[PDB]
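Engineer:
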Amino acid sequence: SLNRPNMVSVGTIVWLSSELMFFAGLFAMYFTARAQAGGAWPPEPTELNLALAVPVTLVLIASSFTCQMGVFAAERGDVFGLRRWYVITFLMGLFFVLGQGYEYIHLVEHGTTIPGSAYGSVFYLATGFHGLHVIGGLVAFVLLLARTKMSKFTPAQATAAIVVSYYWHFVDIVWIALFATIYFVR
Amino acid sequence: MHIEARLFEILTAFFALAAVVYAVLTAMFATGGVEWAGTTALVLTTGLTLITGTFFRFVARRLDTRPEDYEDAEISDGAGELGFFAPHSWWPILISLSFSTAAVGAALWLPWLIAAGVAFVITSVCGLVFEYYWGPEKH
Amino acid sequence: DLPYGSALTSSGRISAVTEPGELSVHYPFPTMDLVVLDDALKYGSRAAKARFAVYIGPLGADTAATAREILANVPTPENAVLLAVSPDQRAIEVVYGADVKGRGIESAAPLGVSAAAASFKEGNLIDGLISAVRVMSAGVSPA
Amino acid sequence: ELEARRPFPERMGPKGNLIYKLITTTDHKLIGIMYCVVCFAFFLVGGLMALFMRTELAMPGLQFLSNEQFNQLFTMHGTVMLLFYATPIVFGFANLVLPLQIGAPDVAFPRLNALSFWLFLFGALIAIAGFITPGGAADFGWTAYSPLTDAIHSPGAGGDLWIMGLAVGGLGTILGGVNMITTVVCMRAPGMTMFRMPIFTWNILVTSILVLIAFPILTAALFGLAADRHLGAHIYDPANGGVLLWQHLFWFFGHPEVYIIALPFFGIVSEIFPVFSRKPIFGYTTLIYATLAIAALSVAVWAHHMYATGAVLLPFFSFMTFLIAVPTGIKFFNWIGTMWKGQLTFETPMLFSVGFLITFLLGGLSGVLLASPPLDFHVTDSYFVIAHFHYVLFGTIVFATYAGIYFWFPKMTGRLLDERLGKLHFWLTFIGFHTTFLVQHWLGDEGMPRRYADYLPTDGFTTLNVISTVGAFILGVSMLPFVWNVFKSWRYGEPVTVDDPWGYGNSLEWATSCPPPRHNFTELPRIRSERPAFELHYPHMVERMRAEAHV
Amino acid sequence: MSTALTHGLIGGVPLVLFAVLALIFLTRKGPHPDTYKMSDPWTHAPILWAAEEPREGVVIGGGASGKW
Ligand code: HEA
Ligand code: HEA
Ligand SMILES: CC(C)=CCC/C(C)=C/CC/C(C)=C/CC/C(C)=C/CC/C(C)=C/CC/C(C)=C\CC/C(C)=C/CC/C(C)=C/CC/C(C)=C/CC1=C(C)C(=O)c2ccccc2C1=O
Ligand SMILES: CCCCCCCCCCCCCC(=O)O[C@H](COC(=O)CCCCCCCCCCC)COP(=O)(O)O
Ligand SMILES: [Ca+2]
Ligand SMILES: [Cu+2]
Ligand SMILES: [Mg+2]
Numbered sequence: 018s019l020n021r022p023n024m025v026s027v028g029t030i031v032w033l034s035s036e037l038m039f040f041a042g043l044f045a046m047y048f049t050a051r052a053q054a055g056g057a058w059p060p061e062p063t064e065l066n067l068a069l070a071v072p073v074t075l076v077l078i079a080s081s082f083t084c085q086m087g088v089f090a091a092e093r094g095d096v097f098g099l100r101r102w103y104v105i106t107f108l109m110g111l112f113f114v115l116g117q118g119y120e121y122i123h124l125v126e127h128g129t130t131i132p133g134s135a136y137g138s139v140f141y142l143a144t145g146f147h148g149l150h151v152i153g154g155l156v157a158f159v160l161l162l163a164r165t166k167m168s169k170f171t172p173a174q175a176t177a178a179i180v181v182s183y184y185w186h187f188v189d190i191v192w193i194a195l196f197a198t199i200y201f202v203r
Numbered sequence: 001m002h003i004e005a006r007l008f009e010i011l012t013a014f015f016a017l018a019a020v021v022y023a024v025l026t027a028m029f030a031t032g033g034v035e036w037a038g039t040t041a042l043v044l045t046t047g048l049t050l051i052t053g054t055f056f057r058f059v060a061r062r063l064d065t066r067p068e069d070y071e072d073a074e075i076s077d078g079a080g081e082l083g084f085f086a087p088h089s090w091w092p093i094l095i096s097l098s099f100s101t102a103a104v105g106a107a108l109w110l111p112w113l114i115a116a117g118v119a120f121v122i123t124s125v126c127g128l129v130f131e132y133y134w135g136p137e138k139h
Numbered sequence: 015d016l017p018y019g020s021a022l023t024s025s026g027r028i029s030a031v032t033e034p035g036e037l038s039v040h041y042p043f044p045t046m047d048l049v050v051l052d053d054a055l056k057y058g059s060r061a062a063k064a065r066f067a068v069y070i071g072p073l074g075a076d077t078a079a080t081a082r083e084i085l086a087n088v089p090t091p092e093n094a095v096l097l098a099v100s101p102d103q104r105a106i107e108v109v110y111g112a113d114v115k116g117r118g119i120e121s122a123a124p125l126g127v128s129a130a131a132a133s134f135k136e137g138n139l140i141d142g143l144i145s146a147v148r149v150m151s152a153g154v155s156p157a
Numbered sequence: 010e011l012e013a014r015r016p017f018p019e020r021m022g023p024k025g026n027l028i029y030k031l032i033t034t035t036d037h038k039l040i041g042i043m044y045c046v047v048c049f050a051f052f053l054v055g056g057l058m059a060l061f062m063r064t065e066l067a068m069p070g071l072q073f074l075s076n077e078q079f080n081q082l083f084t085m086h087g088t089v090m091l092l093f094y095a096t097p098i099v100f101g102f103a104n105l106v107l108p109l110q111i112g113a114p115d116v117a118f119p120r121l122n123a124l125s126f127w128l129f130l131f132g133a134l135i136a137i138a139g140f141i142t143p144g145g146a147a148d149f150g151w152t153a154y155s156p157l158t159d160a161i162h163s164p165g166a167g168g169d170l171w172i173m174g175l176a177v178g179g180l181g182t183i184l185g186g187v188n189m190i191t192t193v194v195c196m197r198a199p200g201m202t203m204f205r206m207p208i209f210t211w212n213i214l215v216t217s218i219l220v221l222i223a224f225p226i227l228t229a230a231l232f233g234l235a236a237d238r239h240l241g242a243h244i245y246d247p248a249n250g251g252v253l254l255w256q257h258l259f260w261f262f263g264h265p266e267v268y269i270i271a272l273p274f275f276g277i278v279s280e281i282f283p284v285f286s287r288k289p290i291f292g293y294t295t296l297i298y299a300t301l302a303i304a305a306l307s308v309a310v311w312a313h314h315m316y317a318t319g320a321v322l323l324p325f326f327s328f329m330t331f332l333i334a335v336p337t338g339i340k341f342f343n344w345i346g347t348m349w350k351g352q353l354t355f356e357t358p359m360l361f362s363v364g365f366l367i368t369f370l371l372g373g374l375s376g377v378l379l380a381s382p383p384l385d386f387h388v389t390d391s392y393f394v395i396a397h398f399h400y401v402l403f404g405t406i407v408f409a410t411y412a413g414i415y416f417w418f419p420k421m422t423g424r425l426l427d428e429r430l431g432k433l434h435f436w437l438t439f440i441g442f443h444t445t446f447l448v449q450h451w452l453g454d455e456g457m458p459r460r461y462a463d464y465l466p467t468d469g470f471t472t473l474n475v476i477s478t479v480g481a482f483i484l485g486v487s488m489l490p491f492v493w494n495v496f497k498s499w500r501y502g503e504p505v506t507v508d509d510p511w512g513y514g515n516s517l518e519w520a521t522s523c524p525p526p527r528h529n530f531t532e533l534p535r536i537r538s539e540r541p542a543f544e545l546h547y548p549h550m551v552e553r554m555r556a557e558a559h560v
Numbered sequence: 001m002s003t004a005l006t007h008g009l010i011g012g013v014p015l016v017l018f019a020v021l022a023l024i025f026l027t028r029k030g031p032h033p034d035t036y037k038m039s040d041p042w043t044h045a046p047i048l049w050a051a052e053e054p055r056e068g069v070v071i072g073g074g075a076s077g078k079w
């Protein structure tokens with residue numbers, strides 16, 4: 018029987034709740050800069066494309082499923098299923114990062130930079146900090162997959178997998194808020 | 001564990017009320033607009049407590065009463081097996097030093113120092129996480 | 015469990031209390047003198063490999079053999095030397111275990127007794143004690 | 010019946026007894042001790058800066074100091090003695106006794122607990138290291154207003170080290186907060202329910218919850234400012250509405266910060282009062298509600314720190330600031346009711362805990378006046394607000410801290426601090442404190458603004474400045490007896506061996522030895538009430554305790 | 001005003017206050033009991049001090076005696 022709370026999970030939950038207030042600053046800056054826009058909020062050089070941000074968002078929304086499948090495999094004692102699903106998750110995350118980088122290059126070429134405008138500052142700051150969190154998540158995947166083959170698959174390793182999944186479900190839920198508030202509510 | 005769950009939603013109710021009051025009272029008879037800076041903070045302060053409250057509620061519904069949650073409980077009930085705690089480790093100081101190096105690099109804008117700091121941070125975190133999992137040497 | 019604010023715990027240990035601003039040791043000697051005697055005992059136990067002990071209290075009606083049944087209370091009673099002094103009745107006794115035999119104690123114990131008696135001509139209860147311990151510890155060989 | 014003991018206990022350990030188990034340590038007790046030592050080491054440096062800026066401000070004209078030096082000096086004093094001394098001492102007190110109070114053998118995530126300490130120390134060092142540069146440290150106040158802090162108006166390197174040091178230091182606080190929440194929630198003894206743990210634990214729990222809100226937004230703001238200074242972004246541009254973005258973001262942090270360093274020191278005195286009064290705590294249930302109410306209120310109260318602008322909704326913040334002053338009154342009344350009709354004895358802890366009451370009341374009374382915008386219209390950025398926050402800070406951070414130190418020194422060390430050498434300390438620190446801060450109300454009212462390096466002879470205020478300087482040097486010499494006492498009463502001093510040097514002890518840490526073993530406990534009593542050590546000792550009174558409680 | 005008076009007063013008062021408060025408190029008697037004289041009856045409980053070195068019915072042999 019199980020009759021205790023997992024404290025490795027409560028620790029990560031409270032930390033993830035605290036980390037939500039970090040993005041509060043970025044959201045505040047965005048909404049403050051948007052207010053003093055006057056006319057068109059995205060200025061003349063800025064042209065947002067939905068031809069690249071939509072597929073990337075869909076990929077970042079398909080990673081959670083695979084991640085949860087890996088977690089489901091973890092709870093049974095399956096060490097191989099976890100590895101397969103986590104590798105797929107890693108690849109999808111890498112796709113997200115490369116897509117975002119490509120969009121950055123495209124935007125910079127047409128004259129939307131950090132020192133160029135007030136829009137550019139907030140846009141790049143918010144999306145760059147999110148990218149940094151994603152890279153941290155990828156590093157976590159690599160570290161966990163490296164640890165899964167050091168020793169026998171004990172419940173502690175399953176707990177580690179579950180908490181890493183928690184973290185991932187926090188990088189893709191904060192990107193559906195940003196995508197909704199940037200590309201739709203302009 | 002109901003007291004823990006209640007302590008968070010008690011705050012959640014107040015935070016939601018404060019955010020809603022602030023947003024409306026600023027829209028009318030307040031110079032400018034809706035005061036996006038203060039409104040943004042409170043609507044995420046509520047979320048901070050909401051996440052923890054919901055998680056605690058689910059955990060409390062999952063598991064039954066513990067010796068800690070029992071009024072007339074005996075010391076003999078909790079006897080058994082706690083779990084694992086690290087006796088000693090010298091990795092934390094290395095992690096702190098790595099982060100300090102990265103910070104000093106970022107302060108004076110020395111990209112090489114930043115790169116070195118990031119490499120050190122990754123190595124130190126790897127050392128910390130792979131501490132009680134390394135197997136014996138193979139020879 | 016007898017004194018005020020004492021209780022017998024589930025492990026058999028005692029937990030006592032003191033009044034705010036009171037002491038719990040209350041020896042009638044200065045702290046620095048206690049430090050000197052402590053380090054003297056500590057460094058005399060080394061270099062001789064036999065632990066030294068000191069007794070201050072009543073020696074009842076025998077003053078020669080009641081200082082012998084109390085040697086059994088010190089840790090490792092064999093390979094241990096004890097100096098018992100009686101303030102009420104002028105008496106010095108030296109008692110040593112069967113593991114100290116032939117290590118130089120026989121020719122040392124009179125010297126320690128003499129040092130203690132000589133220093134007891136004044137109110138130097140603790141000064142003579144340290145002198146006696148120092149003289150006795152310097153005669154016993156580790157072997 | 011008759012055991013063998015040592016004439017005096019051992020003074021110190023042998024060679025190589027401390028050094029290695031100082032960098033690899035995992036024990037929470039040792040971490041708390043290190044907190045305390047480093048915090049006091051920083052306190053002395055901060056006090057030296059205050060002495061420097063107080064000496065120059067006794068006579069008109071720049072005698073030995075400069076404008077730049079004075080600016081950097083008050084910027085660094087208020088930073089060091091607020092973020093490098095005050096915040097970490099909270100976690101110092103939390104690491105000493107909280108696991109003992111809850112009946113746990115350890116905290117959750119101990120390696121994280123050590124990582125927090127090291128983050129603290131190195132962040133503090135990198136922030137202070139701004140004095141090594143030829144330019145100097147930060148010279149723009151601890152508040153860091155815009156656009157004074159951009160690269161145009163503050164192009165120094167000290168100001169960047171300031172930001173980066175604060176950012177490094179802030180991570181340890183959050184890690185400590187999550188650690189304390191987890192420890193309280195999970196690590197409890199059988200029969201220790203939520204409503205049976207001491208008030209100190211409740212205060213630390215709610216303080217950690219408040220930390221989890223306050224600090225991340227400050228980190229975000231610091232990152233934004235670094236982005237502006239190093240990448241040439243437009244975040245806090247005045248044309249962009251960024252002069253007041255910074256103020257909102259900063260004061261969302263700033264006021265919860267000043268409540269982070271209040272509640273734990275409420276809990277310390279709330280623990281000390283019942284012991285020396287031979288009487289239980291008064292209104293146990295209502296105290297936790299007061300704590301919860303003030304903690305909840307201290308989030309929607311942030312703009313009372315910016316009235317002199319023209320861009321806040323005055324009624325909202327004024328009303329909330331008025332409301333945040335009720336449960337503090339409840340706490341005061343509960344303390345007075347705890348002391349009422351008891352057997353009072355004034356040892357060193359009790360003396361400091363009483364001094365706290367006298368100081369904090371006037372501090373809070375002055376604080377309530379500032380909450381009305383008409384009154385703050387004349388008195389903001391003057392020497393009256395300085396008097397306010399010094400009275401209100403010096404009660405919780407000095408008197409309560411010293412009370413806790415005198416209380417828990419024997420518990421943690423096994424030695425007793427001297428008494429005739431602590432009364433001198435208290436009286437010096439009490440006489441020398443009012444002499445240096447009481448006349449600043451008049452200074453602020455008469456038209457002396459804050460952060461002034463110089464004044465003219467024909468200004469009127471010179472005598473009121475001499476008095477403050479006289480008083481400040483008594484606050485400098487008051488530290489000598491305390492440091493001497495701690496240094497001399499560590500190797501020597503009266504052995505305890507009684508595991509309760511005060512008697513009538515209430516909490517669970519007084520049910521173990523002085524000092525406690527590695528794993529804190531060798532046995533546990535039965536938890537039935539919130540006074541387990543008073544249940545264990547004096548069983549005869551148990552029935553009385555259940556009969557006289559309600560009136 | 002009167003730099004001699006200012007400097008001679010911001011640095012003189014603390015020392016006098018310290019001296020007075022050190023006369024008041026540090027001249028009192030503490031809780032440490034008075035020394036035992038070898039001219040009064042021994043009233044304290046028995047002592048039996050011992051050492052802790054070497055670390056970790069009884070067969071014995073030998074003795075001595077004394078007098079003062
Ligand atoms: C948090 C708690 C705290 C503490 C403990 C103190 C301590 C003191 N403070 Fe204050 N102070 C603040 C909180 C505190 N302060 C804050 C939040 C600010 C805002 C900053 C800003 O303006 O930006 C401030 C700023 C401030 C000013 C503003 C100056 C101006 O604007 O013009 C003044 C003016 O007199 C003042 C006075 C004092 C005095 C006389 C002490 C005395 O109690 C200190 C004397 C104590 C000592 C301990 C002296 C020690 C020295 C030795 C014994 C020498 C040896 C040392 C070495 C060898 C290293 N402080
Ligand atoms: C550090 C601890 C601390 C605490 C506890 C407080 C507590 C309070 N503070 Fe704050 N405050 C600071 C630290 C603190 N503060 C600092 C550091 C600054 C300056 C920052 C800077 O700008 O540099 C500051 C500045 C500050 C300002 C801005 C002033 C200005 O910049 O001009 C205001 C304005 O509203 C304020 C109000 C209050 C109020 C109403 C309380 C209340 O918490 C106190 C209430 C207490 C009581 C009321 C007494 C007890 C009550 C009773 C006995 C019942 C009596 C009932 C009635 C009177 C009705 N303080
Ligand atoms: C005798 C003498 C000259 C000594 C001077 C000593 C001295 C006063 C040093 C100050 C150094 C610093 C960091 C100054 C800033 C103030 C400050 C923060 C002080 C330290 C504070 C402190 C104790 C905090 C905690 C410690 C901590 C967290 C770490 C400190 C940061 C560290 C470790 C940095 C220092 C490392 C250092 C000095 C290395 C320089 C060595 C070399 C050869 C660098 C030169 C160099 C250059 C110049 C390149 O351009 C370059 C480009 C691409 C690749 C490489 C390099 C490269 O190596
Ligand atoms: C200081 C923290 C800020 C972090 C925000 C992350 C930025 C995301 C990168 C987006 C690229 C856009 C560049 C652009 O259009 O302008 C470019 C300049 O931007 C940069 O140089 C970005 C470098 C930022 C450093 C990366 C992170 C720092 C590491 C610190 C770790 C502690 C070109 O502009 P320009 O040609 O001058 O008009
Ligand atoms: Ca002057
Ligand atoms: Cu305030
Ligand atoms: Mg102002």
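Residue numbers (PDB author numbering), protein chains in the order written: chain J, 18 to 203; chain K, 1 to 139; chain a, 15 to 157; chain L, 10 to 560; chain Z, 1 to 56, 68 to 79.
Heads up, the beta-carbon is just placed ideally off N, CA and C, and yes, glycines get one too.
Is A106 of chain K near ligand 4, going by C-beta to nearest heavy atom under 7 Å?
Structural biologist: Residue numbering aside, residue 106 of chain K sits at position 106 when the second sequence is read from its first letter. Flag set: Cβ of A106 of chain K near ligand 4.
Engineer: Nearer than 7 Å: is that true of the beta carbon of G514 of chain L relative to any heavy atom of ligand 5?
Structural biologist: In the fourth sequence, counting from the first residue as 1, residue 514 of chain L sits at position 505. Checking every heavy atom of ligand 5 against the Cβ of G514 of chain L, none is found closer than 7 Å.
Engineer: Say the cut is 7 Å; is the CB of residue 270 of chain J nearer than that to a heavy atom of ligand 7?
Structural biologist: The requested residue 270 of chain J does not occur in the structure, where chain J is confined to residues 18 to 203.
Engineer: Let me confirm a value: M68 of chain L is counted as buried when at least 16 other C-beta atoms fall within 10 Å, else exposed. Which label applies?
Structural biologist: Here residue 68 of chain L refers to the residue found at position 59 of the fourth sequence. The residue in question, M68 of chain L, is buried, as its Cβ has 16 or more Cβ neighbours within 10 Å.
Engineer: What in chain L is Cβ-close to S89 of chain K, meaning under 8 Å?
Structural biologist: Taking the second sequence and counting its residues from 1, one reaches residue 89 of chain K at position 89. What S89 of chain K touches in chain L: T33, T35, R120 and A123.
Engineer: May I ask you to report which of helix, strand or coil DSSP gives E19 of chain L?
Structural biologist: Counting from 1 along the fourth sequence, the entry for residue 19 of chain L is found at position 10. Coil.
Engineer: What span of residues does the alpha helix (DSSP H) with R100 of chain J cover, start to end?
Structural biologist: Position 83 of the first sequence, counted from the start, is the residue given in the question as residue 100 of chain J. Taken as a continuous stretch (DSSP letters only), the alpha helix (DSSP H) holding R100 of chain J covers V96 to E126.
Engineer: Between the segment 55 to 74 of chain a and the segment 24 to 37 of chain L, are three or more C-beta pairs nearer than 8 Å?
Structural biologist: Result no; under three Cβ-Cβ pairs closer than 8 Å.
Engineer: With H, G and I counted as helix, E and B as strand and the rest as coil, what does DSSP make of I71 of chain Z?
Structural biologist: By 1-based counting over the fifth sequence, the position of residue 71 of chain Z is 60. Correct three-state label for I71 of chain Z: strand.
Engineer: Can you find a heavy atom of ligand 4 that lies under 7 Å from the Cβ of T63 of chain J?
Structural biologist: Taking the first sequence and counting its residues from 1, the one referred to as residue 63 of chain J is at position 46. No, since every heavy atom of ligand 4 falls outside the 7 Å radius drawn around the Cβ of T63 of chain J.
Engineer: Specify, as a first and last residue, the run of the beta strand (DSSP E) that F66 of chain a falls within.
Structural biologist: To locate residue 66 of chain a, count along the third sequence from 1; it is residue 52. Segment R65 to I70, the beta strand (DSSP E) holding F66 of chain a.
Engineer: If you follow the beta strand (DSSP E) that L97 of chain a is part of, which residue opens it and which one closes it?
Structural biologist: Here residue 97 of chain a corresponds to residue number 83 of the third sequence, with the count starting at 1. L97 of chain a -> beta strand (DSSP E) spans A94 to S100.
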